[PDB]
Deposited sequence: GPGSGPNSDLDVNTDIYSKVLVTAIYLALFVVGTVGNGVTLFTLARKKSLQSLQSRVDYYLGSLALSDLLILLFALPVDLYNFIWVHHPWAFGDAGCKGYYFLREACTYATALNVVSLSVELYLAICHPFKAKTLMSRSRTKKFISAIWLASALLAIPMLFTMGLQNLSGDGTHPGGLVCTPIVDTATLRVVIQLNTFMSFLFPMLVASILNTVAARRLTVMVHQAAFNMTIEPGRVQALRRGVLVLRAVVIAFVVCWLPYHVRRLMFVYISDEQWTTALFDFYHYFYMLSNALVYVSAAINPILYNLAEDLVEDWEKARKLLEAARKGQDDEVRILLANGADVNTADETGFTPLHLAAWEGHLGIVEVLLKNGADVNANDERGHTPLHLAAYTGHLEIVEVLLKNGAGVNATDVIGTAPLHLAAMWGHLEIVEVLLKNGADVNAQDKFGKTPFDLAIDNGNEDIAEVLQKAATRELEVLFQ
């Protein structure tokens, strides 16, 4: 009797329909063309959420919101509707949990993630989820059916006791237990993730990727719970409210509660593509980073420029804490080092061992890179865990030209390490007598000031 309510809902239903159908459609079309196991889950969700908007929404809108009396889809359409709706609630829920499980494993079992996780395994698993959802939905073919009360309505055809149990079961199996598992695992994953963040002078890329996964998956569960709790609460209310005590106050309440509860289920399907965006955006950033470290190590000068331009993180590191700049200098790719520092690479970055790019540049003995790094404000007197300054390494491996370069930029010749050895001492040890003379005079000059 409140027509505005129905009209307002129609607008929102159509809005969620037209966009949500197109959104999930495009997501499936896009995916059709290592971590391609993510895509399978996002494809699984897209499919489940598409089917709800395409088949469930329009039937719901027509024969539950507007036209109450005559059921326009017959006995098959009645049974099918409730089957395909329940199948898709299960699939979506089970997929969302599988997602939080895969993240949890990736975080809390890195060793297992490498071995256990495989494309073939995921394909077989997703097939089981859909099949599990389909089997658990069969009861809806027998529990729901047409009744005449012209007066043809898609109402339960079993006794309330039976109906209360099948739905009570579905609510546990396709929400409560799923969300329980998910929420817990995500919290355990969040607790475990903060351990690995505490290890940080490294800043690993894989950690940063997982860090984001937790944030995305936190949103997915909070989003799923708020969207699906009202729906499940209403269906539980309906089974226990099946007595003919329907006061006009209860009618009014349920009328709006039905509209709102179902609208949020369609919202949950219409936001599904946003998750795809958040996932692909996260995975692409992770992929760009790996490629940047690979290209920097490899020396693919052309690739580096591309990656940086598209938005690859210049200050990424591997498990050990080596940034692309670190590797570029180590492999002696002057052209790359110049590009990285141009795009804003951290000149004073350290690995686990405490080695700045300048350490590795001195070790190898690439004069041109050293001069570049120092121009960009490198730490001349930067020491590692052993206590080795770059001059120590330059002197030890006999790079007299680098030794002169460093001292020019204000290198401390008097610096010592854990073994107490100065660069001059390391030159004498290694037998770089020519370099030692340069350091010998350097120390004597400083004494003259005092």
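_Missing residue ranges, deposited sequence indexing starting at 1_ = Residues lacking C-alpha coordinates: 1-13, 47-52, 169-175, 227-230, 481-482.
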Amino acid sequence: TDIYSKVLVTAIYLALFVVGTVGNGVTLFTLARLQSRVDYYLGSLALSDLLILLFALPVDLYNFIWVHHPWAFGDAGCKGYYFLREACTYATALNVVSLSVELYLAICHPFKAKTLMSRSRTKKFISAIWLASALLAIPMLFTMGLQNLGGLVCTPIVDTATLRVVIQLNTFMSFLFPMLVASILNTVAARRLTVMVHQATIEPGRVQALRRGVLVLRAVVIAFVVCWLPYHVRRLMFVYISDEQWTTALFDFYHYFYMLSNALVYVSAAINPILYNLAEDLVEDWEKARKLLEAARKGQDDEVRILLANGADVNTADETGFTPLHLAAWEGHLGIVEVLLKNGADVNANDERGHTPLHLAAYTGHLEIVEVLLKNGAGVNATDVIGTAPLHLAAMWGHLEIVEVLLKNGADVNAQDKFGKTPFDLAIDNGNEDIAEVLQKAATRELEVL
From here on, numbers count along this sequence of modelled residues.
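*Specify whether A200 falls into a modelling gap in a third or more of the other PDB entries of this protein.*
That residue is missing from at least a third of the other compared entries.
*What about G150, is it left unmodelled in a third or more of the other PDB entries we looked at?*
Yes, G150 lacks coordinates in at least a third of the other compared entries.
_Mean Cα B-factor comparison, 294-302 or 110-118, giving the higher one as deposited_ = For C-alpha atoms only, the mean B-factor is higher in 110-118.
*Could you check the entry and say whether 84-92 or 356-364 has the higher mean CA B-factor?*
Stretch with the greater average CA B-factor: 356-364.
*Criterion, highest CA B-factor; candidates, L42, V26, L57, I402*: Each of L42, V26, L57, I402 was compared by C-alpha B-factor; the highest is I402.
*For the listed residues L215, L149, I184, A137, which one has the largest C-alpha B-factor as given in the deposited model?*
Answer, based on the entry's C-alpha B-factors: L149.
_When the deposited Cα B-factors of this chain's modelled residues are ordered and cut into thirds, is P230 in the lowest, the middle or the highest one?_
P230: CA B-factor falls in the lowest third of its chain.
*Taking the chain's C-alpha temperature factors as the reference, tell me which third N381 falls into: lowest, middle or highest.*
Middle third - that is where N381 ends up once the chain's C-alpha B-factors are sorted.
*asked:* How does the C-alpha B factor of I52 compare with the rest of the chain: lowest, middle or highest third?
replied: CA B-factor rank for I52: lowest third.
*Within this chain, which third does the Cα B-factor at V38 fall in: lowest, middle or highest?*
Within its chain, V38 is a middle-third residue by C-alpha B-factor, going by the deposited values.
_Ranking the modelled residues of this chain by C-alpha B-factor as given in the entry, is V67 in the lowest, middle or highest third?_
For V67, whose C-alpha B-factor we compare with every modelled residue in the chain, the answer is the middle third.
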